[PDB]
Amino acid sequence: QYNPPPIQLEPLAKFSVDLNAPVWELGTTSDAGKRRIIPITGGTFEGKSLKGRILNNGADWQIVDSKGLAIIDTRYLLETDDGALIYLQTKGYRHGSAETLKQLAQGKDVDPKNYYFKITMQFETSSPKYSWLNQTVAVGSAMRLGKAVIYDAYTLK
C-alpha cells in the first residue's frame, strides 16, 4: 500500500543563541505589526554529528502583531568544530500557549507563563561532511531565556 513513510525526528543538536546587543525597535512599519531587528552575536551548538559555534553575524528580522504573535525570520552563520561554515535560516512562530492565554483570560495569575515557540530550519554549506543538511528538512523547539534563545534541533528522517 501507498501510504507515505512514517515520520521520525532525529536529534541534530542543542543550540544556544546569544542576543547580546540592543534590539532595534522600528515600531509599527505596516498593518502587520511592529518590526524588531534582534542581532545575533554568537552562541554554540552541540549534537552527536554537529558541534561548533555561532559567529557574530545576522539577526532575527521579527514582526510582532497586535495579538502577541511573533513571526521569526532569521539569517545567521555556524562554524563547526572542524572548520566548516554553514549559513542558517530559521522561520516560525512564538505566542502564548493555549492554556496560559486561557488562564489570563480568566484573571488567573500564571507562573510561569508558557509559550509555543517552534521553528523550521534551512542550511547551506559546501563541506562534504555536512552537505546532507542542504537537502534535509529540519525543525526546532525553542525557549527564550533573557537575551538568549535555547532550542533543540531535529532532522526529519
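The numbering used is simple: start at 1 and walk along the sequence shown.
S.K.: Mean CA temperature factor from the deposited coordinates, higher in 109-117 or in 122-130?
M.R.: It is 109-117.
S.K.: Decide which of the stretches 49-57 and 100-108 has the higher mean C-alpha B-factor, going by the entry.
M.R.: Per the PDB record, 100-108.
S.K.: Would you please rank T90 by its C-alpha temperature factor against the other modelled residues of its chain and give the third it falls in: lowest, middle or highest?
M.R.: For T90, the deposited C-alpha B-factor lands in the lowest third.
S.K.: Ranking the modelled residues of this chain by C-alpha B-factor as given in the entry, is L12 in the lowest, middle or highest third?
M.R.: Middle third.
S.K.: What third of the chain does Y154 rank in for C-alpha temperature factor, lowest, middle or highest?
M.R.: Bottom third by C-alpha B-factor.
S.K.: So where's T44 on the chain's Cα temperature factor ranking, which third?
M.R.: Within its chain, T44 is a middle-third residue by C-alpha B-factor, going by the deposited values.
S.K.: Per the entry's values, where does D81 land by CA temperature factor relative to the rest of its chain, in the lowest, middle or highest third?
M.R.: Answer is middle: the recorded C-alpha B-factor places it there.
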